[PDB]
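Only one chain comes next, encoded as structure tokens, the form deposited in one PDB entry.
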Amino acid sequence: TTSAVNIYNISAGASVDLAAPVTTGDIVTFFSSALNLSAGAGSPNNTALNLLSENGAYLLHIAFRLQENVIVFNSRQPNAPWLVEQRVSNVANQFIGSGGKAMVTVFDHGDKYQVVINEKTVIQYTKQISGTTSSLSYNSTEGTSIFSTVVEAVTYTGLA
């Protein structure tokens, strides 16, 4: 009845507090104005996108590792070790059909997180930790990020 759109500019190395939290049924899309599939090696993550809970837990962690040619999805409670991680091989293969820019979409299916790169679904992630997303972060390895220094994020909340 009263859905909402919120726009955020996220500089590399930062985290932003969402004006409106993301919960079951809502969406989050990240827009990158550049694509560098051959920029270098990450220590270990070239670029990471994170969905965080109000408690500081990493609901969803998305990491792109060029040197290891893989994409990692994991979670963890604050001050706790990294949990069971799911990985997807072939980075470039996922960005086929980009052309100087990319977008990553995350659907919050309540009990799962659907991750989409452009138009291709790369994985149906099962939530290891539950809860609403209240902040987002974009971290990088200095100079080897595969996305622009500033990444735009649009959230669609108050849906279903």
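Throughout, rigid core stands for the largest set of C-alpha atoms superposing within 1.5 Å between the two forms. So that there is no doubt, residue numbering starts at 1 and follows the sequence shown. Residues that one form lacks are left out of the comparison.
Across the two stretches, 15-23 and 148-156, the PDB entry reports the greater mean Cα temperature factor for 15-23.
Between the stretches 43-51 and 121-129, it is 121-129 that shows the larger average CA temperature factor.
Per the deposited record, 38 carries the highest C-alpha B-factor of all listed residues (114, 135, 38, 29). Per the PDB record, 96 has a higher Cα B-factor than any other of 60, 63, 96, 103.
The deposited CA B-factor of residue 70 belongs to the middle third of values across its chain. Remark: residue 6 belongs to the lowest third of its chain, ranked by C-alpha B-factor as recorded.
Just so it is clear, the following notes concern the form deposited in another entry, a form of the same protein that is not shown.
Note: rigid core superposed between the shown form and the other one; among 27, 123, 34, 39, the CA shift is 2 Å or more only at 39.
In the core-superposed comparison between the shown form and the other one, residue 142 has its Cα shifted by at least 2 Å. Distance between the C-alpha atoms of residue 45 and residue 108: longer in the other entry than here (change of 3 Å or more). In the other entry, the CA atoms of residue 45 and residue 49 move farther apart by at least 3 angstroms compared with the shown structure. After superposition on the rigid core, stretches of three or more consecutive residues whose Cα atoms move by at least 2 Å between the shown form and the other one are found at 38-45, 141-143.
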